[PDB]
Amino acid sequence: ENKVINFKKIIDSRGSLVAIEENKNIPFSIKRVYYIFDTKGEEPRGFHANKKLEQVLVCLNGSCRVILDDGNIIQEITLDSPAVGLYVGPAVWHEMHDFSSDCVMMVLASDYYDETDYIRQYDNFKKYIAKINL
């Protein structure tokens, strides 16, 4: 199961543009937009999962390597094009690594920041899935 989303990209003498509409070219309604920039150090991030939240992750500059695990398959994806979106469904584990220095990462979430929706134990994630599986 592929999670990548290629967005229609407009081009011209001016540059590029990519438009992202809730419930249109994305499975959900947008309620939060966030982004990580001016990164340093060599520690990855993420390593969590969400029970309700739905997201789409995009690398708008530079690139970063993403690992997705839906409890079925672990997928690794290097993002380095603002035209490629990565769908991170509920009950899916994710991690960011290899954040280039000029990297800008953006995330579109379907819901406000909720610390309580966050699974922080890979192992617990793995379990939560099982149950889900029955």
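Numbers follow the displayed sequence, beginning with 1.
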property: Mean C-alpha temperature factor, higher of 122-130 and 6-14; result: 122-130
property: Between 29-37 and 42-50 (mean CA B-factor, as deposited), the higher; result: 42-50
property: Which of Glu76, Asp98, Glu95, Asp102 ranks first by CA B-factor in the deposited coordinates; result: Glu95
property: Assigned third (lowest, middle, highest) for the C-alpha B factor of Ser81; result: lowest
property: Chain thirds of CA B-factor: placement of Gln55; result: lowest
